[PDB]
Amino acid sequence: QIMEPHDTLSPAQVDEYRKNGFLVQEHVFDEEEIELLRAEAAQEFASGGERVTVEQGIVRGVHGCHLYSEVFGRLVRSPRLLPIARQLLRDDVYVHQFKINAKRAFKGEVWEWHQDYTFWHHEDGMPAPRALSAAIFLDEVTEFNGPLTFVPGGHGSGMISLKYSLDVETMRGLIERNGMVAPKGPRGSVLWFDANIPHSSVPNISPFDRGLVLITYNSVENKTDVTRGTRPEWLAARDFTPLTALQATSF
Amino acid sequence: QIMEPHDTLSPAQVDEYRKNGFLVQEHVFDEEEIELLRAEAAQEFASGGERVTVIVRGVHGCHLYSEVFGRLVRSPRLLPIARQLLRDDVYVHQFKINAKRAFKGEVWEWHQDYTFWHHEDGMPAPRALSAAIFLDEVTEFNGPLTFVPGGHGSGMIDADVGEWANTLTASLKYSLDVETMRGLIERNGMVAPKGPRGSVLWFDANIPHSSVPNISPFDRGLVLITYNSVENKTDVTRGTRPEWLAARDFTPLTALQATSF
Ligand SMILES: O=C(O)CCC(=O)C(=O)O
Ligand SMILES: O=C(O)CCC(=O)C(=O)O
Ligand SMILES: [Fe+3]
Ligand SMILES: [Fe+3]
């Protein structure tokens with residue numbers, strides 16, 4: 001049995017990633033694959049206990065699933081993901097954080113403008129922004145279902161309801177200089193984005209869900225300092241073993 | 001402490017490797033690194049017992065017995081390129097050091113490594129490569145590895161079968177005939193890539209190659225690491241060699257990180 005040989009990004013892709021701070025690959029996973037993930041996500045929302053996050057009673061978010069779900073443990077080692085994380089971080093990699101964020105049809109909240117790295121640096125002791133997130137589209141992402149929205153190029157000046165958010169004025173400057181972009185794509189796409197890229201999102205006014213599986217890969221050299229770490233393991237990993245790719249076996 | 005971020009080949013370098021079947025990177029390792037490797041090689045020649053072939057001709061399997069060599073094969077100078085060219089996680093199928101000393105050395109008849117690994121070890125496909133670290137400058141005169149460029153583009157070429165293969169004999173179990181070769185050479189030519197001490201020569205599992213005697217006052221030490229795709233792991237059921245010739249532990253390799261020791 002055979003996995004397709006590892007595909008990596010082209011130089012133009014890598015360049016576009018580094019310059020914009022994000023990149024969309026369309027149609028990485030097929031419908032049946034996405035449906036397996038959606039089904040597993042539903043189980044995790046149902047069984048995740050303290051790892052779940054609610055609509056302030058509908059389970060809207062879950063953390064750490066790759067530690068508790070075999071499906072999600074294998075997803076993070078997928079040959080569609082791991083080789084690109086290695087390529088873009090230029091190292092062996094591990095999962096710093098895993099979360100699933102669902103914005104249900106006609107539901108959802110404003111996520112204020114923030115940089116993930118600010119949080120990881122201060123709360124988890126991540127020493128440099130040598131990390132990224134892969135957002136898997138469980139549903140088509142459109143103008144109207146609360147897409148992640150970024151400042152392109154905004155990762156490039158380093159680190160500027162949520163504990164750390166970016167004020168009116170610091171954001172105005174960024175946006176005046178760089179603009180705002182909400183990347184779109186079909187179900188099964190992957191959105192790669194820099195640990196330090198500012199982003200925000202709005203409620204979903206569409207009649208369709210917007211589920212995202214968000215895998216944060218970190219460089220092994222860039223491992224967090226667990227002595228300055230606050231959070232439990234399902235928020236901020238502590239096992240820095242380099243991930244290996246899944247191979248095609250008989251089961 | 002910091003390892004330089006992993007360097008991979010440019011797309012022009014990859015294209016040249018896939019077209020020619022080989023590629024040289026100059027000056028990968030510095031002098032001091034090379035000297036560490038040279039001293040460990042001398043330790044392996046002295047202590048390798050049955051793993052040495054005989055001047056001492058070469059030693060096999062050293063990454064399983066030497067910590068220095070076990071680290072080398074995980075080097076961030078090597079591993080990320082092996083993964084990139086094989087499009088997979090990788091492991092070491094075989095590790096050898098071929099001495100070839102000054103004014104000495106022996107003819108290495110024409111062969112394709114994959115012919116051996118396929119028949120002797122049960123390698124299923126040629127999704128493997130070798131990285132040859134130059135312990136000494138490689139010149140026209142010290143018996144360089146020589147290739148038919150593009151000669152890997154037709155798979156194994158039929159070979160008369162001694163009866164454990166060992167690439168470290170003058171007389172090889174699977175050589176290519178003066179007539180099979182004449183045609184190949186006529187058609188594609190011959191190239192003996194050169195380079196400074198510390199360079200790495202990458203070459204395809206299926207590229208035909210050979211070398212001649214060293215006629216120089218200069219040794220031509222090579223550390224040859226054969227990386228195989230994890231998916232392409234050998235069938236240990238049809239394997240005929242000990243582990244120090246053909247690996248059986250297919251664990252994916254991870255890159256060395258910079259530690260305080
Ligand atoms: O799902 C969203 O729209 C925002 C999520 C986000 O940026 C985060 O979890 O850091
Ligand atoms: O060291 C040499 O000259 C050639 C070695 C070789 O091709 C092999 O060992 O398969
Ligand atoms: Fe975020
Ligand atoms: Fe050979």
# chains A, B, ... in the order shown; residues from 1 in each chain; ligands from 1
>>> interface_residues(of="chain A", to="chain B", cutoff="6 Å", atoms="only C-alpha atoms", output="mmCIF file with C-alpha atoms, in the first residue's frame")
data_model
loop_
_atom_site.group_PDB
_atom_site.id
_atom_site.type_symbol
_atom_site.label_atom_id
_atom_site.label_comp_id
_atom_site.auth_asym_id
_atom_site.auth_seq_id
_atom_site.Cartn_x
_atom_site.Cartn_y
_atom_site.Cartn_z
ATOM 1 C CA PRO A 5 5.045 10.934 -2.190
ATOM 2 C CA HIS A 6 5.368 14.020 -0.001
ATOM 3 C CA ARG A 90 12.888 24.476 8.481
ATOM 4 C CA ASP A 91 13.096 21.930 11.271
#
>>> residues_near_ligand(ligand="ligand 4", cutoff="9 Å", atoms="only C-alpha atoms and all ligand atoms", output="ChimeraX atom specification")
/B:108,110-114,130,145,167-168,205,207-210
>>> write_last_selection(atoms="C-alpha atoms", output="tab-separated table (two decimals), in the first residue's frame")
chain	number	residue	atom	x	y	z
B	108	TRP	CA	35.40	-0.72	-8.95
B	110	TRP	CA	30.58	-0.75	-13.30
B	111	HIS	CA	27.38	-1.31	-11.27
B	112	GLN	CA	24.02	-0.07	-10.05
B	113	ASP	CA	23.67	-0.22	-6.30
B	114	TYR	CA	19.90	-0.94	-6.58
B	130	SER	CA	23.56	7.71	-1.38
B	145	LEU	CA	33.50	7.93	-8.54
B	167	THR	CA	30.18	-3.65	-3.21
B	168	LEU	CA	33.69	-3.56	-1.50
B	205	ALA	CA	20.32	4.21	-6.14
B	207	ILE	CA	22.85	5.30	-11.44
B	208	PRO	CA	25.63	3.16	-13.00
B	209	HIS	CA	29.03	3.97	-11.56
B	210	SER	CA	32.56	2.79	-11.16
>>> select_by_dssp(residues="segment 10-206 of chain A", states="strand (DSSP E)", output="PyMOL selection string")
chain A and resi 22-25+52-54+59-63+93-103+111-114+131-137+149-150+190-194+199-201
>>> atom_distance(atom1="atom CA of residue 102 of chain B", atom2="atom CA of residue 215 of chain B")
6.9 Å
>>> atom_distance(atom1="atom CA of residue 202 of chain B", atom2="atom CA of residue 141 of chain B")
20.4 Å
>>> select_by_dssp(residues="segment 35-87 of chain A", states="alpha helix (DSSP H)", output="list in words")
residues 35, 36, 37, 38, 39, 40, 41, 42, 43, 44, 45, 46, 47, 70, 71, 72, 73, 74, 75, 82, 83, 84, 85, 86 and 87 of chain A
>>> residues_around(residues="segment 28-36 of chain A", least_positions_apart="2", cutoff="8 Å", atoms="only C-alpha atoms", output="number ranges by chain")
A: 25-26, 38-40, 80, 138, 187-190
>>> residues_around(residues="residue 203 of chain A", least_positions_apart="4", cutoff="9 Å", atoms="only C-alpha atoms", output="list in words")
residues 103, 104, 106, 107, 108, 109, 110, 111, 144, 145, 146 and 147 of chain A
>>> residues_around(residues="residue 114 of chain A", least_positions_apart="3", cutoff="12 Å", atoms="only C-alpha atoms", output="VMD selection string")
chain A and resid 110 to 111 117 to 120 148 to 151 154 to 155 159 to 168 170 to 171 195 to 201
>>> write_last_selection(atoms="C-alpha atoms", output="PDB file, in the first residue's frame")
ATOM      1  CA  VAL A 110     -16.325  38.464  17.040  1.00  0.00           C
ATOM      2  CA  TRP A 111     -12.724  37.332  17.668  1.00  0.00           C
ATOM      3  CA  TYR A 117       2.412  34.267  19.242  1.00  0.00           C
ATOM      4  CA  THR A 118       1.751  36.969  21.885  1.00  0.00           C
ATOM      5  CA  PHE A 119      -0.133  34.521  23.873  1.00  0.00           C
ATOM      6  CA  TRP A 120       2.260  31.562  23.336  1.00  0.00           C
ATOM      7  CA  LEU A 148     -10.357  34.386   9.490  1.00  0.00           C
ATOM      8  CA  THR A 149      -9.230  37.849   8.402  1.00  0.00           C
ATOM      9  CA  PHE A 150      -5.659  38.923   8.414  1.00  0.00           C
ATOM     10  CA  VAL A 151      -3.361  41.890   7.898  1.00  0.00           C
ATOM     11  CA  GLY A 154       1.585  42.125   9.492  1.00  0.00           C
ATOM     12  CA  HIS A 155       3.611  39.402  11.081  1.00  0.00           C
ATOM     13  CA  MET A 159       4.882  41.013  18.367  1.00  0.00           C
ATOM     14  CA  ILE A 160       2.663  44.083  18.933  1.00  0.00           C
ATOM     15  CA  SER A 161     -12.970  37.511  24.632  1.00  0.00           C
ATOM     16  CA  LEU A 162      -9.115  37.373  24.833  1.00  0.00           C
ATOM     17  CA  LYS A 163      -6.361  38.272  27.301  1.00  0.00           C
ATOM     18  CA  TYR A 164      -4.121  40.049  24.734  1.00  0.00           C
ATOM     19  CA  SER A 165      -5.719  42.113  22.031  1.00  0.00           C
ATOM     20  CA  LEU A 166      -4.515  44.851  19.793  1.00  0.00           C
ATOM     21  CA  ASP A 167      -5.757  48.413  20.502  1.00  0.00           C
ATOM     22  CA  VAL A 168      -7.606  50.771  18.089  1.00  0.00           C
ATOM     23  CA  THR A 170      -1.806  50.084  16.670  1.00  0.00           C
ATOM     24  CA  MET A 171      -4.327  48.277  14.398  1.00  0.00           C
ATOM     25  CA  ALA A 195       2.254  32.421  14.434  1.00  0.00           C
ATOM     26  CA  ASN A 196       2.551  36.234  14.468  1.00  0.00           C
ATOM     27  CA  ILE A 197       0.097  37.323  11.805  1.00  0.00           C
ATOM     28  CA  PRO A 198      -2.642  39.567  13.172  1.00  0.00           C
ATOM     29  CA  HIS A 199      -6.085  38.141  12.673  1.00  0.00           C
ATOM     30  CA  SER A 200      -9.717  38.552  13.634  1.00  0.00           C
ATOM     31  CA  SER A 201     -13.125  37.192  12.600  1.00  0.00           C
TER      32      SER A 201
END
